[PDB]
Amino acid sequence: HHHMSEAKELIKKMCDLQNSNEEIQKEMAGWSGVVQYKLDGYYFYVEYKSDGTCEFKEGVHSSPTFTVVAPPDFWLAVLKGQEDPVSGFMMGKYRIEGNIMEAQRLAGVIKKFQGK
């Protein structure tokens, strides 16, 4: 049964798995932010908390770290490891709004030269 909300449902399942798994939480800890998704009309976001837990939220956040705008079938395939999001991005299979991660990467590299 093919249906367009499967990608959303899997992101939700993965939030439940993240919040239930002590090892994933430790790997995600140390960062806070919000990823907004727009999958053909389905609007939802995941808030990531610095304790490595997260929260799946319906709708649209007024100020996310970044936004993924993608076809649901392609995003599902990405979620299941059938498709690469880096290479997919380079080829234009979806789009991204937001550069705060580039800015944070810059800030962190600069940090290492502080006092030298």
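Just count from 1 along the sequence shown to find any residue number.
In this PDB entry, the Cα temperature factor of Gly88 sits in the bottom third of its chain's modelled residues, the lowest group. In the PDB entry, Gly41 places in the middle third of its chain by CA B-factor. Split the chain's modelled residues into thirds by C-alpha temperature factor. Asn99 is in the lowest one. Among the modelled residues of its chain, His1 has a C-alpha B-factor that falls in the highest third according to the deposited record.
In the deposited entry, the Cα temperature factor of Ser50 sits in the top third of values across the chain's modelled residues.
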